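Taking the form deposited in one PDB entry, here's one chain by itself in structure tokens.
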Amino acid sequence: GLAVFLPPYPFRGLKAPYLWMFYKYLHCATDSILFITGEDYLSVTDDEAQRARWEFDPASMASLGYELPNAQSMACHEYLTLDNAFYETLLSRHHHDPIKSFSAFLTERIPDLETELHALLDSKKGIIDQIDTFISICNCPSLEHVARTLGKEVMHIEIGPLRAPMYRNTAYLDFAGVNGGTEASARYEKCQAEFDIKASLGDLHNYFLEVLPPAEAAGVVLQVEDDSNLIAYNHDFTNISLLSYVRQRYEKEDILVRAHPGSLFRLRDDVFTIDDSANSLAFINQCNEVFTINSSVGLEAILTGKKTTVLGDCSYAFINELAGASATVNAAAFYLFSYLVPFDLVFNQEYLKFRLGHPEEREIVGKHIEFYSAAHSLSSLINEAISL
């Protein structure tokens, strides 16, 4: 059985922040799941005051592919609820800075949290013995240590870098960590010689493109300031120091900035030239090279053959650090077909069992292409796919 970890701690000012994953696993569940979560996740569906949350938007339910759970759907699983008081305690140990508290939660072992997790799991020890793996939407060394004591692994699972409408929907699945401390590079290193791809980057990019590619400066990508990427996995770089970094190398009218609509702040009116392109691709094509901390837009540039500079930690960084025309295509082919997972599968318990048995990269790739579609060797599967 699965144990899904969905912490209630409002680090970013939002209750039940990972509610969409709760709804998604509930909608896709076939067997009982152990949810390690908070009481807010259990009351929010019936909370008449949180009716305007984006998770309840019909467009979001359709985009992420779930429906709202009824009583039977929610009640037929197992629950362990994390104590509401631990958040305030964590805050007090970091000068009540919610951001710095979030960072510690993502990158450090927290004894109090491990203790509570142990106590919760011990209350249903018979249930825990049946657990096949732990699942987390974010890194959490506390949870990861606790899982090791039980001889269990933690699958880190998150929305992927390529998404609709532009691309096929993808997801992250990482045994080491998602976004930060990813295992993507280590995975490719072990199975590199199995990848001999007969294609260009355009061929790897168009297969995932679902829309007619746009027609044919220094690009700077801004991101949301208070997410895990810029709080913990940024190598101390920020939106400000990123702009400062590029400024050390370029003049103002040679710089095109791509703002993120979800950011708390935006650049003042007449400081930089702001891009107003219909999409990421239309922005990238106006640039000679692209600068980013760890935006997924950076992946898109690399896939289109644009010179990209990555200042933060991310899953696709190892691809860019390769000098070679064919060495890059092979690395990207692995990332796209073997590392990235079709979005729906990471919520499919049968697929998760498959990944849990530690299958060969060939089996993983074949399973993904099988999903994408409507040959035996790994390279032949990919080559045949991006030609048809």
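Numbering starts at 1 and runs along the sequence shown.
S.K.: Might you work out how many residues are unmodelled in the deposited sequence between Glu216 and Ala217, and answer none, 1 to 3, 4 to 9, or 10 or more?
M.R.: Gap between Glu216 and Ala217: 4 to 9 residues without coordinates.
S.K.: Using what the record says, work out whether there is a hole in the model between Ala374 and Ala375 and how many deposited residues it spans (none, 1 to 3, 4 to 9, 10 or more).
M.R.: Gap between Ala374 and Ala375: 4 to 9 residues without coordinates.
S.K.: According to the deposited model, is the average Cα temperature factor higher in 155-163 or in 273-281?
M.R.: So the stretch with the higher mean C-alpha B-factor is 273-281.
S.K.: Take the C-alpha B-factors listed in the entry for 298-306 and for 173-181, compute each mean, and give the stretch with the larger one.
M.R.: It is 298-306.
S.K.: For the CA B factor values reported in this entry, which option in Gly324, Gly38, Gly65, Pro342 has the top one?
M.R.: Comparing C-alpha B-factors across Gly324, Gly38, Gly65, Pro342, the top value belongs to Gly324.
S.K.: Out of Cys76, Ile128, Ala199, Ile99, which shows the largest CA B-factor listed in the entry?
M.R.: Most elevated C-alpha B-factor of the set, per the entry: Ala199.
S.K.: What third of the chain, by the recorded C-alpha B-factor, contains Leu42?
M.R.: For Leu42, the deposited C-alpha B-factor lands in the lowest third.
S.K.: Grab the CA temperature factor for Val224 from the record and place it in the lowest, middle or highest third of its chain.
M.R.: It falls in the bottom third of the chain.
S.K.: Sorting the chain's modelled residues by C-alpha B-factor, tell me whether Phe105 ends up in the lowest, middle or highest third.
M.R.: Lowest third, going by the recorded CA B-factors of the chain.
S.K.: Relative to the other modelled residues in the chain, which third contains the C-alpha temperature factor of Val365: lowest, middle or highest?
M.R.: As the PDB entry reports it, the C-alpha B-factor of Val365 lands in the highest third of its chain.
S.K.: Looking at the temperature factor on the CA atom of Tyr87, which third of the chain's modelled residues does it land in?
M.R.: Middle third.
If you look for the form solved in complex with a small molecule, you will not find it shown, but the lines that follow are about it.
S.K.: Just one of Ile197, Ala218, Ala259, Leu209 has a heavy atom within 4.5 Å of the small molecule in the deposited bound form. Which one?
M.R.: None of the other options qualify; the answer is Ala259.
S.K.: Could you check which residue among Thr308, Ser296, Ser136, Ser101 gets a heavy atom within 4.5 Å of the small molecule in the deposited bound form?
M.R.: It is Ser296.
S.K.: Can you pick the stretch from 181-189, 260-268, 111-119, 198-206 whose heavy atoms fall within 4.5 Å of the small molecule in the deposited bound form?
M.R.: Among the listed stretches, the partner-contacting one is 260-268.
S.K.: Find out whether any non-hydrogen atom of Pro161 is located within 4.5 angstroms of the small molecule in the deposited bound form, and reply yes or no.
M.R.: Yes, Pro161 is a contact residue.
S.K.: Should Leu222 be classed as touching the small molecule in the deposited bound form when contacts are defined as heavy atoms within 4.5 Å?
M.R.: Answer yes; at least one heavy atom of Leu222 falls within 4.5 Å of the small molecule in the deposited bound form.
S.K.: Is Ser280 near the small molecule? Define near as a heavy atom within 4.5 Å, in the deposited bound form.
M.R.: Looking in the deposited bound form, residue contacts with the small molecule include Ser280, since a heavy atom lies within 4.5 Å.
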